[PDB]
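Structure 1 and structure 2, given next as structure tokens, are two forms of the same protein chain, each shown alone.
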Structure 1
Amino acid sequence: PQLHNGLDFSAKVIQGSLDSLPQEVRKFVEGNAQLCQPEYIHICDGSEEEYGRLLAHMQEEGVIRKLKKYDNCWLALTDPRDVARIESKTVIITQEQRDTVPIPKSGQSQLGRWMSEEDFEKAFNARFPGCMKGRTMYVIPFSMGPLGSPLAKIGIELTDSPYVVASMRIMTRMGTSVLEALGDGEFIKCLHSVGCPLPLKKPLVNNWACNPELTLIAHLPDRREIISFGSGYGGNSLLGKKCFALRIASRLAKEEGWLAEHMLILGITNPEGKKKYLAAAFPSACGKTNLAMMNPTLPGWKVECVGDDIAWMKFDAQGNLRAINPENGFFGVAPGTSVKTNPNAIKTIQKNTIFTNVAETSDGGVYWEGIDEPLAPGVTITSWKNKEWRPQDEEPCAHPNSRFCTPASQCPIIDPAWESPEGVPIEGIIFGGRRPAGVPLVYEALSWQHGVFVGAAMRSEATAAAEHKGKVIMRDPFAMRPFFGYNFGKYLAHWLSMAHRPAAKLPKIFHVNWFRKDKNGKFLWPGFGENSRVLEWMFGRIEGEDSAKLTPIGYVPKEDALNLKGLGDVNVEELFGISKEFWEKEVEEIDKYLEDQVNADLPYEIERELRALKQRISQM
């Protein structure tokens, strides 16, 4: 069927067979092979041997180091220019801008970044032609969600990064079995390049191929494509995670009647064995992973982890909100993780785990700020910047957004239904972020509509998960500001529409604040395992216990309803204080934000809830 060789890159296939692929997967591979011009094509099978060999190969080349203190753990140090997400270089392409983001009155949108089809094609042509010269194109078949779940979705990621291949094996279900399950079905098309064709034009910093100048993370939902160039950092290069499972999936979810959210999923069991599942949306680096696998301090209580980051949720024909974790692993913030703060994480990351931008001890272990493990005298530390480090120095040993990438199956409290194809029934949804002032430890929304407004109103101190520096309290509706796949106003309408659904059992909505501080900047709440005390209250409220007092912002715990045994030094009045002054200002600021950023796309119900909150506050 050809006058010469065709577009047949069969000669360059070094694992698997293009003939073995489904026809559409083959076209995707060969088309991009012709564009990117890789030397070889490696069709990933996801096997232990493939993984081990690829890791040793990376080890040979000085791309990673083996951590000799642990069972099969590895360390990658990056170019300091490629350390986190970059929201300003993250774009969604649609025919109309307004389908992607509301048109902001003030001229600049805080809700996503749109690029025209025409501008994107120019950006694409300035980057990808020949970009994989001298490198292997890896073909990664992956499933988001358990294989054969009705809620699961398959993708194919093309990459020239062995680091991406290894990390995808942990964070997704990856390999031959995914291709077999896929058959001739549709798949999300994911294209990635580090953007450093050989021979190299500039020298690599720290053996980490990247192209910060041309870095662009693009989403084309109408073509079912994700196209990411120039960054190896996980959020930008593990295309199943933020790019697919939040951005693409949120819009699909809108179209099909389900939800794709930046939420942990956990099971909480009381001392008498009664169990419920909760979902929680906190902004990046605001405590989801610590909550999802919390070691509860309250005797008798148990927490089990379903997922720590992304939730796909859909009301079943019985009206239960069913959640699955679409990921296969945890891509968790390293700094702060200790036996004290997160004992279950520490046990998970003992083996089969890839660390990125943490420090290395002289005995082949890992180190970071807040690890809370003294080292023997004589043990020295290499920083994430590959230099000798002392606790003297005014510079952290690990990068603030350094990460572990670890299999979810190893979590000692992984929930028994964490791969159930039907999902787990959600009875409560928790919103929250970092608020140093004004917002009490916990409150409960008055209705679904108020609950959606509470999600929409979320604000949170900036973190190191993206490019944002300092401690400015930013707006982060639903913890989804960096991740909306479409118009935020339409997303709110979609959320509100859940109330009108066949027999839907709407979860109770809560808002929490672990991060309230006193005059001296000291946390008023110790948090971590002590947050079990907040979860107890939520549990009883879902059961219908009369443990709530009505305030202007919603229901708070009655006096003595929170179990504070073992925490008698906690200042309850300060922690739970609601100031008319603060809240007048808060509502005014929410008003102006929504009017500016959402305007004509703002649902009536949300504006109504705003008007109601304002009125309730005026009566204080």
Structure 2
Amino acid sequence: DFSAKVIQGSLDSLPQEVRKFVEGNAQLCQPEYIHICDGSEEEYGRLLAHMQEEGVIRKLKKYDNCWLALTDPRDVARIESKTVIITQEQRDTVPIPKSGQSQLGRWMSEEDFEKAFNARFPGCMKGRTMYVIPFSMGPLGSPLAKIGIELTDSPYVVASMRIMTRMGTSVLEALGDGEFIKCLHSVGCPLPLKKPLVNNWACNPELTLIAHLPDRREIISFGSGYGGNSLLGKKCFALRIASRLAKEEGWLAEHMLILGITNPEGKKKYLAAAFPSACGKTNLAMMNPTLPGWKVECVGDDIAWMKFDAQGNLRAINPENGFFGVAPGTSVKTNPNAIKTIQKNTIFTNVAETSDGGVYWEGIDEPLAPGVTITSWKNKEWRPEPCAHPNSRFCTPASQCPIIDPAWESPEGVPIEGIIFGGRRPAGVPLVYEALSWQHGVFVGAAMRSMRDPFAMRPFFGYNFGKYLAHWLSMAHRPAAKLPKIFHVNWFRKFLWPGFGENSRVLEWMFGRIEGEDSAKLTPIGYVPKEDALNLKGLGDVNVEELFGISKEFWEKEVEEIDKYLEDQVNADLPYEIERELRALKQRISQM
């Protein structure tokens, strides 16, 4: 019994299964106190003040209620070599490759994990508070939303999870006796400290391990307090666990932005998009379009959960409640909507601090006022090695985005009429092309690169990628399902295209193609825009010949390399339809 150690809330008031989870890991981890989070503003402010008192965070006096954390240099990102999924058979988690290691995930046996678990978690929270975070992934009470409970010994995680999810007493009420994802986290530094504490950031880099057990509905993470390792809603739940749930239940959990686009007549369409690059999604999702009368609005910039309703519409929600964006490259010039979002109630991690209480990073594109000296993320003076860590972050409420979509919290979701795959390619791949079919579209997603990153999901596949491809293809056999039109974009051909707000011109063409305009020319790789199909007013003389140019020699090599990749990495689980599209594309290119 742990009722004596409860410092907020009550074990009695919890649902029986939530109590089992809290009390069981309390017995294992042995925390001093147990804090059931209510999600309130009072709880949030006093927790920030407590982190301030202990040197864990610093207040940023320039802004309204903004904070800065500086971490141990050994704990600054997701570590893929210590990120694992546990199933009975390895084959269900990753395809068995013909050669070498799998690039599509990392499996660990139930037995191996059991040893690792017992060598870490017993007594790991000694002298620390165990925070119980009840959180909803998606608008509270949405039919697409899923609920979880995160146990953690890190106040930084609690604060960050308040921004990145809906959390508090309301989630416990909405949950009741229903199912939830069990999330267990520890920084892995029980008191008294065995190891020395670096920069007031508790971590155990040697024993760091981020484990997923989809069959048990469990995420178990140890040793890292950073981002995707500690905010277990973000990658562990929303992509890795969710994609397995999505396979079982007939929906999709994807690494996609969701944006709403409006034409000058007020007609609205929603698009989803997967890019492998860090900045690529936020650039597009928070874009200021340069075309007169066109509007762009953000539903989300990272995760999309998509399900077909009874009318056959692919409905999407953003399961997150905030933005955990990469800080470097966030420019006052070329990303003003993102900068506006972060001016209040934002937790920054590993960015540089100015003398006047502001933030700084590489690519901010705003010169500092005279006198203003910079302190780097290592807490030392800096003079124009980088001032901010390249994977440094802002953690900010989604509601504060100036162009947040009015339907971003709609429980039914938004109707996805188009899915966009993206890649940074210097040669060969045109500005934009549209997939010939759903099956070809799935192949396009599988052939993405900028290391190859199919669906932008390489580090996040929750199960076998071959079976993931088969799951995608199976959507074409759902009764009366209106399949989204699929496109591939490449802003970075050479640079022949300005990009930024001008990409709205490419989105107009996608919009019109969805409406059924004959504004397309057929090519061996798919449909491209016609001569004069794009709106180029205000751009001068852009080289549309070389920009939409399709070289026989390039694409011959491209399909060969895709063939080798998919044969090697997906192997026996590669669905016939993907191997068909590959040979079909190979054949179309041979006839050029």
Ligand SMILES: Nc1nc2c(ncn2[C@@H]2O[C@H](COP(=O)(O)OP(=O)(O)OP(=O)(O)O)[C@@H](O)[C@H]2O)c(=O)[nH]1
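Residue indices: 1-based, along structure 1. The term rigid core refers to the maximal set of C-alpha atoms that superpose within 1.5 Å between the two forms.
Structure 1, rather than structure 2, originates from the form solved in complex with guanosine-5'-triphosphate (GTP). Superposing the two forms on their core leaves just one of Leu147, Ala437, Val379, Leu506 with a Cα displacement of at least 2 Å between the two structures, namely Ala437. Once the rigid core is overlaid between the two structures, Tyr51 does not reach a Cα shift of 2 Å, moving by less than that. With the core held fixed between the two structures, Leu35 has its Cα displaced by under 2 Å. Once both forms are fitted on their rigid core, the CA atom of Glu574 lies 2 Å or more apart between the two structures. Relative to the superposed core, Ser284 moves its CA by 4.7 Å between the two structures. Superposing the two forms on their core, we find that the Cα atom of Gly107 is displaced by 3.5 Å between the two structures. Once the two forms are overlaid on the core, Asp546 shows a Cα shift of 1.8 Å between the two structures.
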